[PDB]
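Chemist: Got a file for you: my_file.txt, compact mmCIF, C-alpha atoms and all ligand atoms.
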# COMPACT_ATOMS: atom_id res chain seq x y z
CA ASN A 10 -9.25 9.00 23.68
CA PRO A 11 -11.27 8.51 20.48
CA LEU A 12 -8.40 6.50 18.95
CA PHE A 13 -9.38 3.49 21.11
CA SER A 14 -13.12 3.40 20.38
CA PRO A 15 -14.43 0.27 18.61
CA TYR A 16 -15.00 0.61 14.88
CA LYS A 17 -16.67 -1.92 12.57
CA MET A 18 -14.65 -2.29 9.35
CA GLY A 19 -17.30 -4.37 7.64
CA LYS A 20 -17.20 -7.88 9.11
CA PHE A 21 -14.02 -6.99 11.06
CA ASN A 22 -14.64 -5.58 14.55
CA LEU A 23 -11.58 -3.52 15.46
CA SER A 24 -10.79 -2.50 19.04
CA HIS A 25 -8.95 0.71 18.11
CA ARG A 26 -8.24 3.02 15.18
CA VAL A 27 -4.43 2.73 15.14
CA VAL A 28 -3.44 0.99 11.90
CA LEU A 29 -0.03 -0.26 10.77
CA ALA A 30 0.73 1.34 7.42
CA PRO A 31 2.20 -0.85 4.66
CA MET A 32 5.98 -0.51 4.76
CA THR A 33 8.46 -2.19 2.41
CA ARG A 34 11.34 -3.44 4.56
CA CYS A 35 13.14 -5.70 2.03
CA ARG A 36 13.58 -8.60 4.46
CA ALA A 37 11.81 -11.23 2.29
CA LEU A 38 14.92 -12.74 0.73
CA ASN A 39 14.49 -14.16 -2.79
CA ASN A 40 10.91 -12.80 -2.79
CA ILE A 41 10.04 -15.37 -0.11
CA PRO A 42 8.39 -14.31 3.18
CA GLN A 43 11.07 -15.14 5.74
CA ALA A 44 10.45 -16.17 9.34
CA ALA A 45 11.67 -12.75 10.48
CA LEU A 46 8.57 -11.29 8.82
CA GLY A 47 6.49 -13.25 11.32
CA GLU A 48 8.44 -11.89 14.28
CA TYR A 49 8.23 -8.37 12.82
CA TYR A 50 4.44 -8.38 12.45
CA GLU A 51 3.89 -10.21 15.75
CA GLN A 52 5.76 -7.46 17.62
CA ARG A 53 3.34 -4.98 16.03
CA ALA A 54 0.09 -6.98 16.27
CA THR A 55 -2.47 -6.26 18.99
CA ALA A 56 -5.85 -7.71 19.90
CA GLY A 57 -8.38 -6.13 17.57
CA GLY A 58 -5.71 -4.13 15.75
CA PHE A 59 -5.53 -3.71 11.99
CA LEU A 60 -2.25 -4.44 10.21
CA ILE A 61 -1.46 -3.76 6.55
CA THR A 62 1.21 -5.93 4.94
CA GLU A 63 4.03 -4.28 2.98
CA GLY A 64 3.90 -4.18 -0.82
CA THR A 65 3.62 -7.69 -2.17
CA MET A 66 4.48 -8.92 -5.72
CA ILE A 67 1.49 -10.01 -7.90
CA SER A 68 3.69 -11.25 -10.80
CA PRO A 69 7.40 -11.92 -11.57
CA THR A 70 7.38 -8.52 -13.41
CA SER A 71 5.93 -6.44 -10.50
CA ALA A 72 9.04 -5.72 -8.39
CA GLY A 73 11.20 -2.55 -8.38
CA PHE A 74 12.74 -3.17 -4.96
CA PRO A 75 15.13 -5.83 -3.60
CA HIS A 76 13.81 -8.83 -1.60
CA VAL A 77 10.10 -7.85 -1.64
CA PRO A 78 7.49 -10.55 -0.75
CA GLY A 79 5.34 -12.18 -3.44
CA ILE A 80 1.92 -13.94 -3.49
CA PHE A 81 1.90 -15.40 -7.04
CA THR A 82 3.62 -18.73 -6.20
CA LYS A 83 2.39 -21.62 -4.00
CA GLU A 84 5.72 -21.46 -2.11
CA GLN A 85 4.99 -17.87 -1.15
CA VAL A 86 1.48 -18.86 -0.04
CA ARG A 87 2.74 -21.59 2.29
CA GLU A 88 5.26 -19.08 3.65
CA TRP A 89 2.64 -16.34 4.11
CA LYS A 90 0.28 -18.63 6.04
CA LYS A 91 3.00 -19.25 8.64
CA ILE A 92 3.10 -15.49 9.28
CA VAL A 93 -0.66 -14.91 9.07
CA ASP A 94 -1.19 -17.64 11.68
CA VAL A 95 1.11 -15.95 14.20
CA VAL A 96 -0.61 -12.60 13.64
CA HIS A 97 -4.06 -14.18 13.93
CA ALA A 98 -2.96 -15.80 17.20
CA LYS A 99 -2.72 -12.31 18.73
CA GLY A 100 -6.25 -11.44 17.58
CA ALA A 101 -5.27 -8.98 14.85
CA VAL A 102 -6.67 -8.31 11.38
CA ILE A 103 -4.06 -8.38 8.60
CA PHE A 104 -4.42 -7.24 4.98
CA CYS A 105 -1.96 -8.05 2.19
CA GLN A 106 -1.19 -5.11 -0.09
CA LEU A 107 -0.93 -6.09 -3.76
CA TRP A 108 1.90 -4.03 -5.27
CA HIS A 109 2.96 -3.52 -8.89
CA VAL A 110 5.76 -1.01 -9.40
CA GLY A 111 5.10 -0.50 -13.10
CA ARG A 112 7.81 1.69 -14.61
CA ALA A 113 9.52 2.07 -11.20
CA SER A 114 11.66 -1.02 -11.73
CA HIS A 115 15.01 -2.02 -13.24
CA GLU A 116 16.51 -4.68 -15.48
CA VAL A 117 18.00 -6.33 -12.38
CA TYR A 118 14.46 -6.80 -11.01
CA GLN A 119 12.85 -8.00 -14.27
CA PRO A 120 13.19 -11.58 -15.55
CA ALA A 121 15.79 -11.86 -18.34
CA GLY A 122 16.48 -8.13 -17.97
CA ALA A 123 13.23 -7.16 -19.68
CA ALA A 124 11.96 -3.60 -19.73
CA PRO A 125 9.42 -2.60 -17.06
CA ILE A 126 5.82 -2.31 -18.21
CA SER A 127 3.86 0.91 -17.83
CA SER A 128 1.06 2.96 -19.36
CA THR A 129 3.57 5.03 -21.37
CA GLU A 130 7.09 4.95 -22.79
CA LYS A 131 8.37 7.91 -20.76
CA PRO A 132 10.76 6.91 -17.95
CA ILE A 133 11.08 8.43 -14.51
CA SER A 134 13.30 11.49 -14.79
CA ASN A 135 16.87 11.56 -13.49
CA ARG A 136 16.18 13.36 -10.19
CA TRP A 137 14.91 10.03 -8.81
CA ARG A 138 17.14 6.97 -8.39
CA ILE A 139 16.16 3.35 -7.83
CA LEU A 140 17.75 1.35 -5.02
CA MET A 141 20.03 -1.40 -6.33
CA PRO A 142 20.49 -4.87 -4.78
CA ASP A 143 24.08 -3.95 -3.82
CA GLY A 144 23.01 -0.82 -1.93
CA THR A 145 23.88 1.68 -4.67
CA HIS A 146 21.46 3.68 -6.84
CA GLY A 147 20.73 3.05 -10.52
CA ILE A 148 18.88 4.78 -13.34
CA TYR A 149 15.22 4.10 -14.13
CA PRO A 150 15.15 2.51 -17.61
CA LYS A 151 12.80 3.31 -20.47
CA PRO A 152 9.55 1.38 -19.87
CA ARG A 153 7.30 -0.33 -22.42
CA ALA A 154 3.74 0.82 -23.11
CA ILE A 155 1.37 -2.14 -22.83
CA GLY A 156 -1.77 -2.63 -24.88
CA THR A 157 -5.26 -3.31 -23.62
CA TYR A 158 -4.76 -7.08 -23.85
CA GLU A 159 -1.72 -6.89 -21.58
CA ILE A 160 -3.73 -4.60 -19.29
CA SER A 161 -6.33 -7.34 -18.77
CA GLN A 162 -3.53 -9.82 -18.03
CA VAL A 163 -2.16 -7.55 -15.30
CA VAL A 164 -5.71 -7.27 -13.95
CA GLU A 165 -5.87 -11.08 -13.85
CA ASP A 166 -2.56 -11.06 -11.97
CA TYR A 167 -4.34 -8.92 -9.37
CA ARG A 168 -7.28 -11.34 -9.21
CA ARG A 169 -5.07 -14.42 -8.95
CA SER A 170 -2.94 -12.78 -6.26
CA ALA A 171 -6.03 -11.72 -4.31
CA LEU A 172 -7.21 -15.34 -4.15
CA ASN A 173 -3.77 -16.56 -3.04
CA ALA A 174 -3.90 -14.14 -0.09
CA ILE A 175 -7.20 -15.63 1.10
CA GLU A 176 -5.68 -19.07 0.53
CA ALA A 177 -2.81 -17.96 2.78
CA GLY A 178 -5.34 -16.91 5.42
CA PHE A 179 -5.33 -13.13 4.95
CA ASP A 180 -8.43 -11.27 6.10
CA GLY A 181 -8.31 -9.25 2.89
CA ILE A 182 -6.22 -7.33 0.38
CA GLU A 183 -5.41 -3.70 -0.36
CA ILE A 184 -4.92 -2.42 -3.90
CA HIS A 185 -1.74 -0.27 -3.97
CA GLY A 186 -2.65 2.49 -6.41
CA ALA A 187 -0.46 5.27 -5.04
CA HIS A 188 3.10 6.62 -4.73
CA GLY A 189 3.60 6.85 -8.49
CA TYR A 190 3.54 3.15 -9.35
CA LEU A 191 1.69 1.13 -12.00
CA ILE A 192 -1.86 2.18 -11.11
CA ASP A 193 -0.70 5.73 -10.33
CA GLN A 194 0.95 5.79 -13.77
CA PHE A 195 -2.56 5.49 -15.26
CA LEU A 196 -4.38 7.99 -13.02
CA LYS A 197 -2.05 11.00 -13.09
CA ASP A 198 -2.12 12.90 -16.38
CA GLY A 199 1.57 13.72 -15.91
CA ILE A 200 2.36 10.09 -16.77
CA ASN A 201 -0.65 8.88 -18.78
CA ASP A 202 -0.30 10.25 -22.32
CA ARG A 203 -2.30 7.46 -23.98
CA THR A 204 -4.80 8.20 -26.75
CA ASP A 205 -6.87 5.01 -26.34
CA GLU A 206 -9.66 4.24 -23.85
CA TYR A 207 -7.16 4.30 -20.96
CA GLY A 208 -5.95 7.89 -21.37
CA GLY A 209 -7.18 11.41 -21.89
CA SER A 210 -10.26 12.22 -19.84
CA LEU A 211 -10.68 11.40 -16.15
CA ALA A 212 -13.04 8.56 -17.06
CA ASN A 213 -10.43 6.86 -19.26
CA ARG A 214 -7.59 7.42 -16.77
CA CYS A 215 -9.71 5.79 -14.03
CA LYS A 216 -10.51 2.64 -16.02
CA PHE A 217 -7.46 0.62 -14.94
CA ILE A 218 -8.00 1.02 -11.20
CA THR A 219 -11.72 0.38 -11.73
CA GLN A 220 -11.05 -2.90 -13.55
CA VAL A 221 -8.46 -3.88 -10.92
CA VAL A 222 -10.80 -3.24 -7.99
CA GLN A 223 -13.79 -4.85 -9.72
CA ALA A 224 -11.76 -8.00 -10.41
CA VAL A 225 -10.66 -8.51 -6.80
CA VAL A 226 -14.15 -7.60 -5.56
CA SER A 227 -15.83 -10.32 -7.64
CA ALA A 228 -13.21 -12.87 -6.51
CA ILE A 229 -12.92 -12.49 -2.72
CA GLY A 230 -15.73 -10.09 -1.80
CA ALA A 231 -15.92 -6.31 -1.62
CA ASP A 232 -15.75 -6.13 2.19
CA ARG A 233 -12.24 -7.67 2.06
CA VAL A 234 -10.84 -5.28 -0.57
CA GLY A 235 -8.96 -2.11 0.36
CA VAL A 236 -7.89 0.74 -1.91
CA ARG A 237 -4.95 3.10 -1.36
CA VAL A 238 -4.42 6.23 -3.46
CA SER A 239 -2.29 9.38 -3.26
CA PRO A 240 -3.54 12.06 -5.68
CA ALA A 241 -1.33 14.82 -4.20
CA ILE A 242 1.94 12.88 -3.82
CA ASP A 243 4.33 13.70 -6.68
CA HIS A 244 6.80 10.90 -5.92
CA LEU A 245 8.56 9.38 -8.95
CA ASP A 246 7.19 12.05 -11.31
CA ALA A 247 3.55 11.38 -10.35
CA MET A 248 2.15 14.84 -11.06
CA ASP A 249 -1.49 15.70 -11.76
CA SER A 250 -2.80 19.03 -13.02
CA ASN A 251 -5.86 18.76 -10.74
CA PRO A 252 -5.18 16.38 -7.83
CA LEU A 253 -8.45 17.20 -6.05
CA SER A 254 -10.45 16.50 -9.22
CA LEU A 255 -8.70 13.16 -9.75
CA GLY A 256 -9.33 12.14 -6.14
CA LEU A 257 -13.05 12.84 -6.47
CA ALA A 258 -12.99 11.02 -9.82
CA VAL A 259 -11.52 7.90 -8.20
CA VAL A 260 -14.03 8.09 -5.34
CA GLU A 261 -16.95 8.26 -7.78
CA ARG A 262 -15.87 5.00 -9.42
CA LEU A 263 -15.43 3.37 -6.00
CA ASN A 264 -18.96 4.40 -5.00
CA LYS A 265 -20.31 3.01 -8.28
CA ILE A 266 -18.60 -0.33 -7.60
CA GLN A 267 -20.14 -0.47 -4.12
CA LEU A 268 -23.59 0.21 -5.59
CA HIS A 269 -23.46 -2.32 -8.45
CA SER A 270 -22.16 -5.03 -6.09
CA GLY A 271 -24.54 -4.36 -3.19
CA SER A 272 -21.70 -4.26 -0.67
CA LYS A 273 -19.27 -1.76 0.81
CA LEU A 274 -15.52 -1.89 0.33
CA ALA A 275 -13.22 -2.50 3.28
CA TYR A 276 -11.97 1.11 3.30
CA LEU A 277 -10.40 3.87 1.21
CA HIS A 278 -6.80 4.57 2.21
CA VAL A 279 -5.52 8.05 1.33
CA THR A 280 -1.94 9.03 2.13
CA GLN A 281 -0.61 12.58 1.86
CA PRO A 282 2.88 14.05 1.41
CA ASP A 283 4.85 15.46 4.31
CA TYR A 284 4.10 19.17 4.68
CA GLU A 301 -4.81 24.76 3.57
CA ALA A 302 -4.78 21.00 2.97
CA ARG A 303 -8.53 20.36 2.92
CA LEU A 304 -8.17 17.64 0.26
CA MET A 305 -8.19 14.83 2.84
CA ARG A 306 -11.56 15.81 4.30
CA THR A 307 -12.98 16.53 0.83
CA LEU A 308 -12.18 12.98 -0.31
CA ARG A 309 -13.62 11.59 2.93
CA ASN A 310 -16.83 13.55 2.38
CA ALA A 311 -17.27 12.12 -1.11
CA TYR A 312 -16.58 8.48 -0.20
CA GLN A 313 -19.31 6.27 1.26
CA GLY A 314 -17.61 3.96 3.74
CA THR A 315 -14.54 3.61 5.91
CA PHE A 316 -11.75 6.15 5.42
CA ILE A 317 -8.12 5.78 6.52
CA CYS A 318 -5.96 8.91 6.63
CA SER A 319 -2.18 8.69 6.29
CA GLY A 320 0.76 11.06 6.06
CA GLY A 321 2.64 12.73 8.89
CA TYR A 322 0.09 11.82 11.55
CA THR A 323 1.10 11.81 15.22
CA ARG A 324 -0.77 11.07 18.45
CA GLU A 325 -2.53 14.43 18.79
CA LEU A 326 -3.08 14.72 15.03
CA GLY A 327 -4.59 11.24 14.83
CA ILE A 328 -6.84 11.90 17.82
CA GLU A 329 -7.92 15.20 16.24
CA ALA A 330 -8.83 13.42 12.99
CA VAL A 331 -11.10 10.79 14.54
CA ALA A 332 -12.75 13.24 16.95
CA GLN A 333 -13.58 15.73 14.17
CA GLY A 334 -14.96 13.10 11.79
CA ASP A 335 -12.11 13.48 9.30
CA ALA A 336 -11.34 9.74 9.25
CA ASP A 337 -12.41 6.47 10.83
CA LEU A 338 -8.91 4.98 11.19
CA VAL A 339 -5.41 6.48 11.25
CA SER A 340 -2.48 4.53 9.81
CA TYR A 341 1.08 5.15 11.05
CA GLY A 342 4.28 4.09 9.25
CA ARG A 343 7.72 5.41 10.27
CA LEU A 344 6.78 5.46 14.01
CA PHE A 345 5.75 1.79 13.62
CA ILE A 346 9.29 0.86 12.51
CA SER A 347 10.95 2.02 15.74
CA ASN A 348 7.95 1.40 18.04
CA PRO A 349 6.63 -2.17 17.93
CA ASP A 350 4.15 -1.28 20.70
CA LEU A 351 3.07 1.98 19.04
CA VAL A 352 -0.57 1.10 19.76
CA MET A 353 0.11 0.91 23.50
CA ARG A 354 2.47 3.91 23.40
CA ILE A 355 -0.31 6.07 21.94
CA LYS A 356 -2.65 5.00 24.75
CA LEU A 357 -0.31 5.82 27.64
CA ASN A 358 1.20 8.83 25.81
CA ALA A 359 4.58 7.17 26.30
CA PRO A 360 7.62 8.63 24.49
CA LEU A 361 8.31 7.13 21.08
CA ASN A 362 11.59 5.71 19.80
CA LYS A 363 13.60 7.18 16.94
CA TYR A 364 13.98 5.28 13.67
CA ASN A 365 17.08 4.72 11.54
CA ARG A 366 16.67 5.49 7.84
CA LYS A 367 19.79 3.43 7.09
CA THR A 368 18.09 0.17 8.11
CA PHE A 369 14.82 0.85 6.26
CA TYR A 370 15.64 -1.42 3.29
CA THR A 371 18.52 -3.55 4.60
CA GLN A 372 18.39 -7.35 4.57
CA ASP A 373 19.33 -8.13 8.18
CA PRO A 374 16.48 -9.98 9.96
CA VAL A 375 17.09 -8.29 13.33
CA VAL A 376 19.16 -5.12 12.92
CA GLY A 377 16.75 -2.26 12.33
CA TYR A 378 13.86 -4.71 11.92
CA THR A 379 12.94 -6.46 15.18
CA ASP A 380 15.63 -5.14 17.55
CA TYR A 381 13.66 -1.98 18.37
CA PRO A 382 12.88 -2.01 22.11
CA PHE A 383 9.49 -2.06 23.77
CA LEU A 384 8.24 0.62 26.16
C1 LIG B 401 10.52 2.50 4.46
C2 LIG B 401 9.15 2.76 3.91
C3 LIG B 401 8.48 1.76 3.20
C4 LIG B 401 7.21 2.00 2.69
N1 LIG B 401 6.56 1.02 1.98
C5 LIG B 401 5.30 1.23 1.47
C6 LIG B 401 4.65 0.23 0.76
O1 LIG B 401 5.19 -0.86 0.59
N2 LIG B 401 3.39 0.46 0.25
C7 LIG B 401 2.78 1.68 0.44
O2 LIG B 401 1.66 1.89 -0.02
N3 LIG B 401 3.43 2.68 1.14
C8 LIG B 401 4.69 2.46 1.66
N4 LIG B 401 5.34 3.45 2.36
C9 LIG B 401 4.65 4.77 2.55
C10 LIG B 401 3.98 4.85 3.91
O3 LIG B 401 2.62 4.49 3.81
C11 LIG B 401 4.11 6.28 4.42
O4 LIG B 401 5.12 6.35 5.40
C12 LIG B 401 2.79 6.78 4.99
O5 LIG B 401 1.91 7.11 3.94
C13 LIG B 401 3.06 8.01 5.85
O6 LIG B 401 3.05 7.58 7.19
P1 LIG B 401 3.99 8.26 8.30
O7 LIG B 401 3.68 9.74 8.37
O8 LIG B 401 3.68 7.62 9.63
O9 LIG B 401 5.44 8.05 7.95
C14 LIG B 401 6.60 3.23 2.88
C15 LIG B 401 7.27 4.23 3.59
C16 LIG B 401 8.54 3.99 4.10
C17 LIG B 401 9.24 5.07 4.87
Write the structure described by the file as structure tokens, please.
Modeler:
Amino acid sequence: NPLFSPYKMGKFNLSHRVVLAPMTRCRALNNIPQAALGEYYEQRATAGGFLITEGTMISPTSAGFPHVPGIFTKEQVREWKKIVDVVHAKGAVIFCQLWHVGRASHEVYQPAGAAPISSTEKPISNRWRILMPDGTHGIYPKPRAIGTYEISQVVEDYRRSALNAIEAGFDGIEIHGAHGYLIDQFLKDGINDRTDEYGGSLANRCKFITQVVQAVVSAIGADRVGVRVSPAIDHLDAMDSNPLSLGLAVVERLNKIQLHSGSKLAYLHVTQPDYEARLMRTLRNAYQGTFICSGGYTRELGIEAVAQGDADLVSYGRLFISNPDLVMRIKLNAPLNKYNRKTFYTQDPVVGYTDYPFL
């Protein structure tokens, strides 16, 4: 089984290639990491295993989901360290994903009912609905196009949040630039209609993620900085005329950052939509460093990816909700448990969160 061969993710020696994908569960009430988050990640942590924390707020204007954890306040830092300590006690590596929803927000999630910030003024079309705090579905409002000065302030919110994660004891951070959110609103030409230095050509549309990654690299070190992208996912109107060209464009900037800094990044996380599809390998071939593949991967598919050189690590999401011991279940080929979509974003600390049985 090549999924349980040791891999060196920079200064982090992992015992296997099974990675917990970042998964918003909406259990951090009032944007505060609750104690149930510790029990949730401890059920999933293994010795030498890599865990990726769910999307975490970098600013009071970064949320588009109910009860999502933050890392911009001291109170959230002292609540994150209590969970990082329990995960570190099991000998696991944990990364905190910095998440900014951009235009995928709502007045109920913004302070004083302000409009969500984005690269453009176009809102998400009406075929997508945002989850409301009361369980219903609302309408994505019209965002507000920010200038270059506000862009640098959001970049600083990434840098300040990256340092708070290391203060909380995290082994590193992952830049969430996928799934049609703030960073993905700049990369995809279907959303970025700007005429300044942040829109138009591939070089201009890659400037925001380059400044975001370069800021967190110079603050906490490149080897503790992860990057997640999704050039082919069209979620929340995140369409690109040439997804393969944009993926290679993002990789080129990531390689240039690794060369000018004299150090390698932690990894490059690429997730794909649920379905040839040779875009995953093509992006792996262009990137110089660790590659994590994501999107509809199973036990045989993950083993096939590592054995064929398609990826170094394989991250699993949905199966990690209903299988806390998914790492061990993959080893023994044990049957996996089914997951309940209804309890994906509920607020109960046990029901559909930690009540999933072990093997
Ligand atoms: C309930 C749920 C929450 C998710 N939250 C996040 C998130 O916070 N950040 C992120 O980058 N992806 C998030 N995702 C996307 C997962 O990474 C996605 O499931 C993964 O790319 C595909 O893995 P899978 O085939 O095992 O389901 C979420 C997905 C689900 C279903």
Chemist: Within 8 Å of ligand LIG 401 (chain B), counting all atoms listed in the file, which protein or nucleic acid residues do you find, written as number ranges by chain?
Modeler: A: 30-34, 62-65, 106, 108, 185-188, 237, 279-283, 319-323, 340-345, 366, 369-370
Chemist: Measure the distance from CA of residue 360 (chain A) to CA of residue 326 (chain A) in Å and round it to one decimal.
Modeler: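 Rounded to one decimal, the two atoms are 15.5 Å apart.
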Chemist: Quick one, how far is CA of residue 140 (chain A) from CA of residue 42 (chain A)?
Modeler: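 Going from CA of residue 140 (chain A) over to CA of residue 42 (chain A) covers 20.0 Å.
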Chemist: Could you check which residues have any atom within 10 Å of (12.4, -13.2, 4.6), counting all atoms listed in the file with coordinates taken straight from the file, and then list them as a ChimeraX atom specification?
Modeler: /A:34-47,76-78,88,372-374
Chemist: Quick one: residues within 12 Å of residue 109 (chain A), all atoms listed in the file counted, chain neighbours fewer than 5 positions away excluded, as a PyMOL selection string?
Modeler: chain A and resi 63-74+77-80+114+125-127+163-164+166-167+170+183-194+221
Chemist: Of the candidates A:220, A:128, A:254, A:204, which shows the shortest atom-to-atom distance to residue 311 (chain A), using all atoms listed in the file?
Modeler: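 Distance minimum relative to residue 311 (chain A) lands on A:254.
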Chemist: Hey, which of A:304, A:113, A:148, A:98 ends up closest to residue 335 (chain A)? Count only C-alpha atoms.
Modeler: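 Smallest separation from residue 335 (chain A) among the options: A:304.
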Chemist: May I ask which of the residues A:330, A:246, A:196, A:21 is the closest one to residue 133 (chain A), counting all atoms listed in the file?
Modeler: A:246
Chemist: Do you know which residues are at most 10 Å from residue 12 (chain A) counting all atoms listed in the file, after dropping those on the same chain fewer than 4 positions away, and could you put them as a PyMOL selection string?
Modeler: chain A and resi 16+24-27+324-325+327-332+337-339+352+355-356
Chemist: Using the file's own x, y and z axes, so that the box edges lie along x, y and z, what centre and edge lengths in Å (one decimal) does a box around every listed atom of region 283-305 of chain A get when 4 Å is added on each side? Give it as AutoDock Vina command-line options.
Modeler:
--center_x -1.8 --center_y 19.8 --center_z 2.5 --size_x 21.4 --size_y 17.9 --size_z 12.4
Chemist: Just want the 8 Å neighbourhood of residue 195 (chain A), counted on only C-alpha atoms, with same-chain residues fewer than 5 positions away dropped. Output as a list in words.
Modeler: residues 128, 200, 201, 207, 208, 214, 215 and 217 of chain A
Chemist: For residue 212 (chain A), list every protein, DNA or RNA residue within 12 Å, evaluated using all atoms listed in the file, and leave out those in the same chain fewer than 4 positions away; present the list as a list in words.
Modeler: residues 195, 196, 197, 198, 205, 206, 207, 208, 216, 217, 218, 219, 254, 255, 257, 258, 259, 260, 261 and 262 of chain A
